[PDB]
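Working notes, structure below.
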Amino acid sequence: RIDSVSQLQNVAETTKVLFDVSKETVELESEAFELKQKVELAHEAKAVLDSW
Amino acid sequence: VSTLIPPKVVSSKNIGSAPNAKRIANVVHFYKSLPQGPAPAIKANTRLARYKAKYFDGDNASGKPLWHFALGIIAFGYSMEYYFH
C-alpha cells in the first residue's frame, strides 16, 4: 500500500498544470478556424480567377 | 470535447477499496501494543506465585510438580494410615 500511496505523490500538482495547458492547446485553435475562413475564401477566388 | 478528470478522485475513493479495511485495522492493532515485552512484572510474590514462577511458566514446564503433587498424595494418605491402620 505504500507503493500505491507513493505513486500519487506529486500528481495533483502536475495535473493542475496538465488541465490548464491542455485545454489552452485545445481552445487556442478556433483562431485557426477563423483563419480557415480567410483561407477558403481566397481559395475560391483563386479557383474562379483560374477559370477566367 | 472537454478535459476529463480522473487523476484526483482519490478523496472519496479511499474508503471503498479492499486494503483500506486492513490498513484501518492494523493502524488500530499497532498503537496500544507494548513495545518489547515491557510492563512484564517478571517477579510477583503472594506466598505461592514463586511456585508458579519456578514451575508453571513457559520456560520450565517440566512435569516435576506433578511428581511433587504425586508425592503429596504419598504424603497425604500414608499419614492417614497412621490415623487409621
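We label chains A, B, ... in the order they appear in the C-alpha cells, count residues from 1 in each chain, and number ligands from 1 in the order shown.
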
Specify as a CSV table (one decimal) with C-alpha atoms, in the first residue's frame all residues of chain B found within 8 Å of chain A, counting only C-alpha atoms.
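selection_23.csv, written as the output of this step:
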```csv
chain,number,residue,atom,x,y,z
B,2,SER,CA,-13.5,18.6,-22.7
B,3,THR,CA,-11.0,17.8,-20.0
B,7,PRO,CA,-6.4,12.0,-11.6
B,8,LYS,CA,-7.7,13.4,-8.3
B,19,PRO,CA,-6.9,-3.0,1.6
```

Sel. of alpha helix (DSSP H) residues, chain A, as JSON, numbers by chain: {"A": [2, 3, 4, 5, 6, 11, 12, 13, 14, 15, 16, 17, 18, 19, 20, 21, 22, 23, 24, 25, 26, 27, 30, 31, 32, 33, 34, 35, 36, 37, 38, 39, 40, 41, 42, 43, 44, 45, 46, 47, 48, 49, 50, 51]}

Residue 42 in chain B: which residues within 12 Å, counting only C-alpha atoms, same-chain residues fewer than 2 positions away excluded, as a compact mmCIF listing (two decimals) with C-alpha atoms, in the first residue's frame?
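Result file is part.txt:
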```
# COMPACT_ATOMS: atom_id res chain seq x y z
CA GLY B 37 7.90 -7.33 26.36
CA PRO B 38 7.60 -4.22 28.51
CA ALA B 39 5.48 -3.94 31.65
CA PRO B 40 6.27 -7.63 32.20
CA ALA B 44 5.47 -11.30 41.92
CA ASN B 45 5.09 -12.81 45.37
CA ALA B 49 3.41 -17.07 42.92
CA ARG B 50 7.08 -18.03 43.27
CA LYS B 52 4.31 -20.77 39.58
CA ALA B 53 7.31 -18.68 38.52
CA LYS B 54 9.70 -21.55 39.22
CA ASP B 57 5.80 -20.64 33.22
```

Straight-line distance linking CA of residue 9 in chain A with CA of residue 12 in chain B, stated in Å to one decimal: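 Interatomic distance here is 16.9 Å.
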